[PDB]
Amino acid sequence: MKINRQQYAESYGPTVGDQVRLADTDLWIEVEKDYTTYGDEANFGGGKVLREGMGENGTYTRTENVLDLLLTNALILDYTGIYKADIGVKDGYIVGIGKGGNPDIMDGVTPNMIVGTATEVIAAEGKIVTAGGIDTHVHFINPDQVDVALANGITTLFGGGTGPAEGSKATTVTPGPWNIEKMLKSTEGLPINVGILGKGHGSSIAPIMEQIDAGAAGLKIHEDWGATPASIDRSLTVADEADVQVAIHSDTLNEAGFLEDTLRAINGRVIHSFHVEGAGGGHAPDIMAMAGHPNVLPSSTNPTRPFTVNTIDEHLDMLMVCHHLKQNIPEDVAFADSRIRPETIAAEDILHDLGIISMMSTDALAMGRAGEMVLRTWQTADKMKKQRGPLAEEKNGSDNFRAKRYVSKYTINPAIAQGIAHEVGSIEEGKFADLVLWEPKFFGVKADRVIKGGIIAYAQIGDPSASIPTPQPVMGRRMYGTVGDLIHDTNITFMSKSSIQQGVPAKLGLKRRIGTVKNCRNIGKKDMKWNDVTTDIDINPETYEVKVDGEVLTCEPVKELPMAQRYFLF
Amino acid sequence: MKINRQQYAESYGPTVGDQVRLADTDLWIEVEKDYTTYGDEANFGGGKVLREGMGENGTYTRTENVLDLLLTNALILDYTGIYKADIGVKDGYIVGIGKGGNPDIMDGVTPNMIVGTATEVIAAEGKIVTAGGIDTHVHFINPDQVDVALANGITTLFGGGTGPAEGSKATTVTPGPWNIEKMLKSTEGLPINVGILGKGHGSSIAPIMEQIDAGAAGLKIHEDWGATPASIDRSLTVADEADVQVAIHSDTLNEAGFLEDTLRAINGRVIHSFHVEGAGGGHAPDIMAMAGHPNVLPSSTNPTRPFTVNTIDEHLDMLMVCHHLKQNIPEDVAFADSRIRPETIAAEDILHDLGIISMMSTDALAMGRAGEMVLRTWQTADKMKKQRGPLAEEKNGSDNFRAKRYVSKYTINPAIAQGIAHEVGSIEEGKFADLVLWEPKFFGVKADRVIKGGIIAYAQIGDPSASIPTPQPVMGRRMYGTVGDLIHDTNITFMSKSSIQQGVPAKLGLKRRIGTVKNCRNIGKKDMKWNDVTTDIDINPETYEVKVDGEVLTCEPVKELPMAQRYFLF
Amino acid sequence: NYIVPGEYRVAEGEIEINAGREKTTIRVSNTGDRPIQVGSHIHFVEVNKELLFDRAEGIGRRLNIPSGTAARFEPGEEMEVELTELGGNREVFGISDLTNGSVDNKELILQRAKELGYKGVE
Amino acid sequence: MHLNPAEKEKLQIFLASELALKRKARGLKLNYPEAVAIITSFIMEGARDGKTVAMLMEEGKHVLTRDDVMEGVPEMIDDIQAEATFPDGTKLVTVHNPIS
Amino acid sequence: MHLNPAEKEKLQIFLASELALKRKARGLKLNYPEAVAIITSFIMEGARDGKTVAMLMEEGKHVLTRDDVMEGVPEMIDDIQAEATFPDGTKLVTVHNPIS
Amino acid sequence: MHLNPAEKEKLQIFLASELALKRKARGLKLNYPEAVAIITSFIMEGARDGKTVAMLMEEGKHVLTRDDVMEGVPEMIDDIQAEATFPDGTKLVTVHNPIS
Ligand SMILES: *c1cc(O)ccc1O
Ligand SMILES: *c1cc(O)ccc1O
Ligand SMILES: *c1cc(O)ccc1O
Ligand SMILES: *c1cc(O)ccc1O
Ligand code: NI
Ligand code: NI
Ligand code: NI
Ligand code: NI
Ligand SMILES: [O-]
Ligand SMILES: [O-]
């Protein structure tokens with residue numbers, strides 16, 4: 001008995017060599033391998049296979065290799081590959097990627113992926129499954145921002161803020177021990193993973209260090225607090241001791257130094273350079289040159305992504321209005337012109353494609369969109385396919401190479417940068433089960449189901465009063481994972497080793513899982529997956545033209561994007 | 001001094017011999033007796049009777065026979081009667097039904113129903129008061145479903161689910177120790193009573209039993225997990241040992257047996273047969289024959305209730321689409337025809353009227369409506385009055401007999417079945433004060449106020465910014481009982497004796513009241529109030545016609561129902 | 001170049017299920033008066049008593065149909081079905097409790113089947 | 001009014017349908033949520049009018065055609081489901097492939 | 001806009017009133033929540049126009065008549081209450097037996 | 001529909017704009033939230049039409065004039081900001097001193 005390939009794919013999701021279109025983009029991913037045994041695929045429902053004595057084992061207790069949850073027939077899109085497998089979860093972690101079912105009667109069952117009495121099922125046939133997004137540039141300004149992030153498949157927020165205070169509105173900073181404690185407590189009610197950055201500013205170590213001991217997971221240096229040589233140096237000294245990452249928004253005004261001064265203060269130490277293109281801030285006009293260094297972990301924020309015909313008008317004006325910049329003051333005009341640059345924004349698109357900028361991020365509510373990191377990553381990939389063509393290293397007419405390079409920018413790479421990739425950031429055995437299911441038609445646009453710690457936290461589902469869950473209105477909603485005390489087990493508060501050792505969570509009464517920040521100080525650009533290129537980037541100070549390997553980088557803005565008006569009501 | 005009867009009723013609610021129309025149905029209930037003393041009725045307000053030294057006692061401390069809450073002049077509708085009384089509540093329980101007030105100066109005051117300094121008042125004159133509904137077929141799919149249930153006067157949800165996972169979407173199952181623990185924790189934030197069913201599937205005892213020890217309150221056998229003879233047997237063995245109920249959705253496909261095979265596996269042990277008519281699932285086409293056995297506790301789900309001109313079209317299509325059943329595959333067509341049957345659906349209406357099906361339930365979000373158990377119970381009662389006439393045992397032109405038979409199906413009977421009627425399910429002294437007030441015009445349609453553990457949890461109330469609580473918009477809203485820590489004292493988590501003995505609540509940090517499941521294994525059909533009929537039900541395998549006592553049961557669908565377009569905005 | 005969002009472009013070929021396992025065809029008849037539908041992965045010897053077939057030929061086997069589908073027998077219907085061999089450890093537990101162990105215990109399975117009245121124990 | 005939770009939510013669909021109709025009237029090809037809203041609201045209003053589930057199953061296939069919507073929308077919409085209160089109570093309507 | 005909580009909620013009444021007016025225009029007898037919505041919204045819009053509480057107390061009795069609504073609706077509605085911002089601040093309007 | 005959180009909220013602005021337009025049509029001078037709603041909704045609908053950020057920056061200054069609104073409203077409104085989905089994605093429009 002043979003099944004044709006269209007029918008197979010319609011019933012069990014695609015298999016080896018099949019391709020799938022990413023939403024309404026021109027990007028196609030291809031299934032690279034498939035862990036199943038044809039004829040023994042797992043599936044659930046009336047007369048289906050996962051039933052007692054058949055694909056479900058009736059003998060074993062939960063401890064005996066049985067799963068808490070099996071995601072059947074998932075098409076996994078991850079830095080580690082694009083491939084088809086069942087995914088097994090237990091104790092809130094991914095414990096097996098392979099083939100689930102019952103070894104009584106089935107060939108090829110991964111030995112710890114037994115479906116038993118204890119096992120829940122999620123049908124992922126026909127879905128793309130990714131790791132949850134890791135947003136490392138979040139301003140905690142408005143708690144409604146959390147659902148916005150979940151709806152576009154983001155599951156970890158790193159940043160800072162105390163709500164809509166001016167400090168927080170401008171910077172990803174939760175300053176000092178008291179504010180940090182307060183936000184750690186607030187975090188007990190946010191249904192998403194969180195890590196909190198302190199203020200990376202000071203001329204003595206102690207004022208800075210005491211934030212790390214209080215619970216911060218890192219530090220932010222921001223020009224609005226004085227991105228001076230001293231603040232950079234003391235921050236990196238604290239970070240090398242505490243094993244946490246430092247993010248920088250450098251001195252756009254060049255007041256105490258130019259870019260090379262900032263680099264000298266950094267002195268070869270590891271640092272995450274935020275919105276590296278510079279629209280979002282940094283040494284005018286050449287900040288983007290940070291992205292060629294081996295000790296810099298470079299990220300973009302999302303409003304410049306990708307370059308479009310409306311990009312500049314929107315930014316010029318956003319900037320002018322937020323900084324109370326008057327149209328008839330020529331210093332303001334010159335300031336705005338030195339900061340918003342088509343040359344570097346166009347070039348940023350290309351840098352992403354070449355694996356020179358490693359990360360995306362939002363800059364949520366302070367010059368960026370909480371729910372569009374993932375969305376705009378894929379719009380950028382699609383624009384580059386259109387303008388540059390398939391990358392050299394593509395095979396079989398698929399875009400798998402580019403797909404892996406881009407998915408890495410918002411999953412594994414931010415995790416690596418922040419020192420949390422031992423827990424989150426990819427679909428690998430041993431990591432926390434933060435998973436996003438996507439219908440391919442909605443890929444990167446609206447998440448179908450967001451799993452946090454092995455329990456669904458958010459879902460596009462319909463009328464709660466209906467006979468079934470699909471009738472209208474279908475909208476994003478918080479699920480049982482966010483309710484009651486279950487919010488504690490399904491989410492991680494990431495904190496410094498020293499805070500953890502000093503008993504901060506007990507002190508504050510935190511009931512969330514506590515994640516340790518570690519291994520941030522011994523890494524570089526070479527550790528960013530599929531985005532590990534170092535090079536000399538030159539930015540011409542008169543024309544702002546960008547060169548790399550003596551080649552000028554120019555690109556055109558586009559009038560239209562995918563993943564836009566087809567999908568959104570506003 | 002005498003008061004005419006229209007005025008009396010308008011001021012104090014109806015009294016002995018008065019009747020009241022149930023919403024816009026043709027059903028009339030009659031006050032059977034009245035505990036008041038005429039002239040000493042309790043009431044509250046300026047110049048009214050419950051004032052210090054008068055109807056309120058000023059002498060006694062709260063311990064001294066004083067109430068926490070008095071519901072004045074309630075018209076009680078319960079399996080125990082239809083009658084007029086004050087209801088006294090203390091420590092979250094109903095402690096007195098009778099006459100409240102001050103024995104200083106009033107005749108006839110029930111001795112533990114003193115209105116004192118400690119007493120709150122709810123005016124129930126002109127309202128019908130019932131026990132909260134007990135829904136025993138709930139899929140925990142979408143947390144918005146809770147408010148839907150409260151708005152139609154449901155106060156206990158028994159079922160299973162982890163959110164919108166396929167397992168949960170198809171079955172009332174929270175599988176295994178870990179998922180059960182997670183949902184028990186989630187439950188700390190749900191403002192309604194809850195009990196959780198584990199997976200009733202396995203061929204060894206231990207995989208099943210460990211769910212009961214983890215906290216389950218019962219088990220569900222569902223064909224989608226293998227409703228095989230072995231799973232039935234092991235489940236009932238676990239249940240007889242643990243003292244919890246088992247619910248069954250049997251093998252519709254007859255794959256391992258016919259109905260008589262399932263009955264043999266059950267072997268005389270107690271079981272709750274879910275959606276017994278079979279549209280909702282079960283041995284095709286004769287599952288409904290379960291409802292004549294002495295060891296079966298039979299319930300309907302709500303979408304077949306009652307039989308209407310749209311019922312079949314809606315179901316055929318619901319089924320076809322949910323099971324991906326293709327219109328051009330004749331096995332699917334035959335399957336759908338063997339399952340959706342006008343003959344058994346028509347007959348189900350009559351079985352309810354004759355007290356042969358004992359229970360209603362929702363099947364919320366997996367082939368049933370969370371907020372329509374109560375609604376459709378009364379629509380069914382009204383349809384049967386119209387088609388069959390008053391039942392033989394009616395007196396005085398009232399429908400009290402039918403009213404008692406029907407109210408039992410969603411209050412006391414599910415409670416008895418589940419082993420929780422020592423706590424909930426009726427308005428009797430000693431039980432938890434879960435009470436629903438209804439305006440007679442809205443009876444069964446929209447609850448006025450839902451009391452949980454003696455505190456209002458939900459109410460139809462208006463603009464929170466107004467001078468008084470009645471201005472528009474009047475809508476269902478959560479009240480103080482659901483807020484902060486008060487959610488813990490006003491709701492019960494029902495659990496197995498063994499979980500309770502093993503300290504599960506402490507282990508998990510549950511702060512809710514903990515209710516014990518007990519006395520489920522020693523009961524039968526004869527213990528279902530007003531619905532205790534056993535009989536031989538024959539279902540013709542060729543024509544599907546239903547006979548009982550050799551009489552064929554046919555009935556017509558109706559084009560219109562009460563409690564419908566007069567009330568609902570959509 | 002019309003875009004169907006999320007469309008598949010499946011490769012050429014066809015997928016052979018249960019490759020390499022012995023196949024066996026038998027006749028099976030529903031002697032009961034109600035329909036019986038049998039899934040892809042139920043140990044075939046343990047199906048409804050009222051299906052008449054050579055029960056020995058169901059031992060260690062299941063239907064050779066795609067995973068998750070089922071064969072339907074209307075009342076009185078007789079047809080041929082194709083079986084394939086169980087894989088893994090070739091053990092069956094539960095279901096109808098005819099096996100509870102290795103499928104190699106043919107004698108024991110058949111004795112249990114015959115005492116319980118499964119039709120066609122020959 | 002005594003609005004219950006579904007009544008509240010379902011007002012949104014009506015509102016979205018009005019928005020989408022105003023967009024169509026000014027000449028726009030409709031997108032995915034617009035299309036879904038228009039069809040859903042049409043079903044709910046039909047039930048309010050007293051049509052049968054069968055009528056709405058038929059009619060629902062002819063509310064919008066492919067030239068009313070953007071490229072790919074017809075293919076994104078495999079069916080549309082809604083519950084509303086008919087003269088005989090709440091019932092579910094499913095419209096398969098509403099835009100051909 | 002700076003919407004406060006009541007502003008948000010009260011938008012719903014307006015929206016329900018629009019729905020209900022569209023239903024009446026197509027010939028339907030109005031139900032209970034429909035009727036309540038139409039009258040409530042009429043009161044709030046009157047206040048916005050600068051009418052007095054007394055004017056709206058009178059007018060509110062003549063917005064819908066018994067032949068606009070289903071059987072029993074008039075009797076279900078004993079009065080209707082709304083608060084809105086008049087030129088002299090928020091005030092409460094009560095319309096008794098709005099449909100006779 | 002798959003409404004995300006902003007889609008839901010933004011429906012309110014449209015609804016408020018409809019309310020405010022109905023008030024203007026009956027002759028009222030518009031207040032502060034009314035004015036803001038009308039302008040905001042105009043911007044979002046423009047983006048839906050495919051206009052550019054620059055066009056809406058210009059046009060947004062001529063949607064309402066001072067004689068459409070109450071005394072002081074023009075001066076209360078220093079600018080109005082909205083995000084909507086343009087053919088090239090979400091973008092921010094700021095209209096400075098929309099009513100002169
Ligand atoms: C307002 C607030 C910000 O945080 C930024 C810019 C404007 O205009
Ligand atoms: C952008 C980048 C390239 O590499 C080529 C063309 C455009 O527009
Ligand atoms: C969708 C989802 C379910 O759970 C059931 C039926 C459909 O069509
Ligand atoms: C239904 C049931 C009866 O007993 C009589 C008539 C109908 O329609
Ligand atoms: Ni910045
Ligand atoms: Ni920032
Ligand atoms: Ni069922
Ligand atoms: Ni069910
Ligand atoms: O930033
Ligand atoms: O069910």
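All heavy atoms count here, side chains included; hydrogens, waters and symmetry mates do not. Residue numbering restarts at 1 for every chain, and letters A, B, ... go by the order of the sequence lines.
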- Message: Side chains of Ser299(A) and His137(A): any donor to acceptor distance under 3.5 Å?
- Response: no
- Message: Could you check whether any side-chain heavy atom of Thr344(A) comes within less than 4.5 Å of a side-chain heavy atom of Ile287(A), counting everything from C-beta outward?
- Response: no
- Mark yes or no for whether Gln211(A), through its side chain, and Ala216(A), through its backbone, hold a donor-acceptor pair below 3.5 Å. no
- Task: Carefully, step by step, assess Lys529(A) and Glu428(A) under the rule salt bridge (charged side-chain N to carboxylate O under 4.0 Å, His left out).
- Result: CA-CA 14 Å; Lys529(A) 305 311 187 172; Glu428(A) 301 182 70; over 6 Å; no
- Task: Please determine, by modelled atom types, if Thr304(A) and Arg376(A) share a side-chain donor-acceptor pair under 3.5 angstrom.
- Result: no
- Hey, are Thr534(A) and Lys525(A) close enough side-chain-wise for a donor-acceptor pair under 3.5 Å? no
- Item | Any donor-acceptor N or O pair under 3.5 Å, side chains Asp135(A), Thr362(A) | yes
- Task: Taking all non-hydrogen atoms of both residues into account, name the closest pair between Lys452(A) and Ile192(A) and its distance.
- Result: CE-CA, 4.3 Å
- Message: Can a donor-acceptor pair be found, under 3.5 Å and without considering hydrogens, that links the side chain of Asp251(A) to the backbone of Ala256(A)?
- Response: yes
- Item | 4.5 Å side-chain heavy-atom contact, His139(A) and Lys169(A) | no
- Item | Flag side-chain contact, heavy atom, 4.5 Å: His422(A) against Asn519(A) | no
- Message: Can you confirm whether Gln501(A) is buried at CD, in the sense that more than 12 heavy atoms of other residues, nucleotides or ligands lie under 6.0 Å from that atom?
- Response: no
- Task: Run through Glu188(A), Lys185(A), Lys182(A) and flag the one making a side chain to side chain contact (heavy atoms under 4.5 Å, CB included) with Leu508(A).
- Result: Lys185(A)
- Query: Would you say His222(A)'s side chain and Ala170(A)'s backbone share a donor-acceptor pair under 3.5 angstrom?
  - Reply: yes
- Message: Quick check: closest heavy atoms across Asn193(A) and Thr490(A), and the distance to 0.1 Å?
- Response: OD1-O, 4.4 Å
- Query: Do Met479(A) and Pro143(B) have side chains that get closer than 4.5 Å, going by heavy atoms?
  - Reply: yes
- Message: Assess whether a salt bridge exists between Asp240(A) and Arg521(A), defined as any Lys/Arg side-chain N lying under 4.0 Å from an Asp/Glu carboxylate O.
- Response: yes
- Gap separating the NZ atom of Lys404(A) from the OH atom of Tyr79(A), nearest 0.5 angstrom: 12.0 Å
- Exercise: identify the closest heavy-atom pair between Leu253(A) and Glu223(A): N-OE1, 4.0 Å
- Message: Is it the case that atom NZ in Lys8(F) sees more than 12 heavy atoms from other parts of the structure closer than 6.0 Å?
- Response: no
- Message: I'd like to know if the side chain of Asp434(A) and the backbone of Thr155(A) have a donor-acceptor N/O pair within less than 3.5 Å.
- Response: no
- Query: Where the side chain of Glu423(A) meets the backbone of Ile420(A), is there a donor-acceptor pair that is under 3.5 Å apart?
  - Reply: no
- Task: Give the minimum heavy-atom separation between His352(A) and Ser300(A), together with the two atoms involved.
- Result: NE2-OG, 2.6 Å
- Would you indicate whether the side-chain heavy atoms of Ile266(A) and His293(A) approach each other to under 4.5 Å? no
- Hey, are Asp233(A) and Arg269(A) close enough for a salt bridge, meaning a charged N less than 4.0 Å from a carboxylate O? yes
- Message: Checking the side chain of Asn4(F) only, and the main-chain atoms of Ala151(A) only, is there a donor and an acceptor separated by less than 3.5 Å?
- Response: no
- Task: State, yes or no, whether a side-chain contact exists between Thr411(A) and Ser426(A) at a heavy-atom distance under 4.5 Å.
- Result: no
- Are any of the side-chain nitrogens in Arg305(A) or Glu348(A) under 4.0 Å away from the carboxylate oxygens of its partner? yes
- Query: Do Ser408(A) and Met528(A) have side chains that get closer than 4.5 Å, going by heavy atoms?
  - Reply: no
- Task: Return yes when atom CD of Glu260(A) has more than 12 non-hydrogen atoms of other residues, nucleotides or ligands closer than 6.0 Å, and no otherwise.
- Result: yes
- Judged by atom type as modelled, is there a donor-acceptor pair below 3.5 Å linking the side chain of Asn152(A) to the main-chain atoms of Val445(A)? yes
- Minimum heavy-atom distance between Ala457(A) and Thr482(A), given as atom pair plus value: O-CG2, 3.3 Å
- Kindly check if the number of other-residue, nucleotide or ligand heavy atoms within 6.0 Å of CG (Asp337(A)) is above 12? yes
- Message: Just to verify, which of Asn413(A), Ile412(A), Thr377(A) counts as forming a side chain to side chain contact (heavy atoms under 4.5 Å, CB included) with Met359(A)?
- Response: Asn413(A)
- Does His315(A) use its side chain to pair, donor to acceptor, with the backbone of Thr311(A) at less than 3.5 Å? yes
- With no hydrogens and no angle check, is any side-chain donor or acceptor of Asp147(A) less than 3.5 Å from a backbone partner on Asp144(A)? no
- Task: Given side chain to side chain contact (heavy atoms under 4.5 Å, CB included), test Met209(A) with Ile212(A) step by step and report yes or no.
- Result: CA-CA 5 Å; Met209(A) 182 55 88; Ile212(A) 298 299; 4.1 Å; yes
- Item | Minimum-distance pair of heavy atoms, taken over all atoms of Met495(A) and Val504(A) | CE-CG1, 3.8 Å
- Message: Please tell me whether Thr171(A) and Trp225(A) have a donor and an acceptor in their side chains that are separated by less than 3.5 angstrom.
- Response: yes
- Query: Would you call the rings of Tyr93(A) and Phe432(A) parallel, tilted or perpendicular, where under 30° means parallel and over 60° means perpendicular?
  - Reply: perpendicular
- Item | Test item: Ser496(A) and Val517(A) side chains (from C-beta on) under 4.5 Å apart, heavy atoms | no
- Check: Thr94(F)/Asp317(A) side-chain N/O donor and acceptor closer than 3.5 Å: yes
- Task: Give the C-alpha distance, both sets of side-chain angles, the deciding distance and a yes or no for side chain to side chain contact (heavy atoms under 4.5 Å, CB included) between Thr535(A) and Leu354(A).
- Result: CA-CA 11 Å; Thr535(A) 183; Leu354(A) 288 179; over 6 Å; no
- Message: When you compare the side chains of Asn531(A) and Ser358(A), does any donor N or O come within less than 3.5 Å of an acceptor on the partner?
- Response: no
- Task: Give a yes or no on whether the backbone of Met183(A) and the side-chain of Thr187(A) come within a donor-acceptor separation of less than 3.5 Å.
- Result: yes
- Among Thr301(A), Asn302(A), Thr380(A), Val374(A), find the residue that satisfies the side chain to side chain contact (heavy atoms under 4.5 Å, CB included) test when tested with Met360(A). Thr380(A)
